[PDB]
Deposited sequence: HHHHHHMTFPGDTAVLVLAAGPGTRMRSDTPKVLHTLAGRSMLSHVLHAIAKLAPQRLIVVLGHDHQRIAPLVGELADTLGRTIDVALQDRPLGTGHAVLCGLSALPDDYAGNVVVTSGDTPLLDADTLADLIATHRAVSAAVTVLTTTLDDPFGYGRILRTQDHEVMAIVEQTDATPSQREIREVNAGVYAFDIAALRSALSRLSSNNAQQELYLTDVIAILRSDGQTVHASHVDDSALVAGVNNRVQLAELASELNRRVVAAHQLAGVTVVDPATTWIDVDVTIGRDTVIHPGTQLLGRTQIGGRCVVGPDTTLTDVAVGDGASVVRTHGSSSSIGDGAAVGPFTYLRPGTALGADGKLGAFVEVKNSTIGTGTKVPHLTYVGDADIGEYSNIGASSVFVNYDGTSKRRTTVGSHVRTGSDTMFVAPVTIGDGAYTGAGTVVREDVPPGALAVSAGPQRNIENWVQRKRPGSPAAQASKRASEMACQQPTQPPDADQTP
């Protein structure tokens, strides 16, 4: 039986942002969403999130996540940011007075922490009968982490914060993950002896280590060798470094599953995105939100797709697109903009300098050049001439061939198999198999240039 507390009530001053720290994103989720997904998979009996100033702006996000994850998540309020030890004390108040399960604590700014690392923690805590088990790791650059102090015995003595450490203690490379498991009674007891006489004038959760050691209680450190899983984010530099590490891992999982990613370093893939076998992804590409790519696609350099579905065997090159679907075998790009509600059929083509918004385009239809399609439905096997505009519902049937430089002034219906001449303004319905024209005849003015 375990209760997990997430400390998320700090002011996040080092982010220098008007967005609460724990709402900053990587790979398609806030740090708080990453942390809650990992814990929810671990499925503890209780899950409590400590919130502070701006609890108004965060608590709703937590409620949405509770639904999505289909479990209860309690919010405990911490009025003033008195320190991580104080935050835990606030967190404990959402538990019953007589709770006897283990208490796991972690921060909202350790967003790679995973369900396995948490389960191992609880497993080592239970195995060694610890009063406190602390996750640690070792880093080439330990700046800003609490340093782990050990006796000659290699026994854990204390955690000393960066601001409080000596120059010589700052060289210690073993760090506090800030992820812990506690016997609850031992935790209550240590928390009531915290004082804030330290460099930050805060009530440090980390002091409980030394306090419990005082009492002869069992204090266990568990080393996490994969440092990233417990890496923290205090500022935007660390946020970007961790986003990059997470992205390499996401790309690697796709590569091992059968996706060619020519250049992992310039391919950003959000966590929910799925990609089919074979699919080749070219450099400078972001696949964002719930984008789904099928098999044997080419997703060409410099493409950004957010919530876009792409079938198998499709080509989507130098394209910027959101909330759109692209059918099997279709060709999009280069230099194509898809706005929400675009649906392009199998074997369809949207070519260079084409933008589509809220339009359905049927199987095998091509819009190859310099055209805007807005709020229109176009049938199958049709061909829209270069440099045309759907001036916003206009319906265009199947096997239609419209001439270059046609404007379609909505609303208008173009029947199946109809043609339009080059340079037509279409303001009225065009019967099936009719040709609609409006351009006047060419006149040549001989020797105009000699004269003028």
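Stretches of the deposited sequence left without coordinates are 1 to 11, 404 to 410, 471 to 501, in sequence order.
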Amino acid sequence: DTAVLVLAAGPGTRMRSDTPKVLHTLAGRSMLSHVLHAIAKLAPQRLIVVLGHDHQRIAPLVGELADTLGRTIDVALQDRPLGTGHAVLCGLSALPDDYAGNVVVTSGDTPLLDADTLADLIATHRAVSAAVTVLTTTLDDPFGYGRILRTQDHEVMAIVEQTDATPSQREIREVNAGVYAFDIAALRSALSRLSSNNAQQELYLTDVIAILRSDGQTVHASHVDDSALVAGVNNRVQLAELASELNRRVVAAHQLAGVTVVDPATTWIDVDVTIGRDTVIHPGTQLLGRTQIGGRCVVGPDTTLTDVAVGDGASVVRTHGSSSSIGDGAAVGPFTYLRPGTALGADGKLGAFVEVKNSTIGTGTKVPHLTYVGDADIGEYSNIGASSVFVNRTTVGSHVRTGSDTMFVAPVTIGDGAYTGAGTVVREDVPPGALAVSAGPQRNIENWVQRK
From here on, numbers count along this sequence of modelled residues.
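When the mean C-alpha temperature factors of 92 to 100 and 110 to 118 are read from the deposited coordinates, 92 to 100 comes out higher.
Legend: mean Cα B-factor per stretch from the PDB entry, 203 to 211 versus 154 to 162; the higher mean is in 154 to 162. Out of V396, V426, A43, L36, it is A43 whose C-alpha atom has the highest B-factor in the PDB entry. The residue among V219, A330, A352, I293 whose C-alpha carries the highest B-factor in the deposited model is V219. Sorting the modelled residues of the chain by their CA temperature factor places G415 in the middle third. The PDB entry assigns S387 a C-alpha temperature factor belonging to the lowest third of its chain's modelled residues. Among the modelled residues of the chain, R126 sits in the highest third by CA temperature factor in this PDB entry.
Sort the chain's modelled residues by C-alpha temperature factor and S30 lands in the lowest third, per the entry.
Among the modelled residues of the chain, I48 sits in the middle third by CA temperature factor in this PDB entry.
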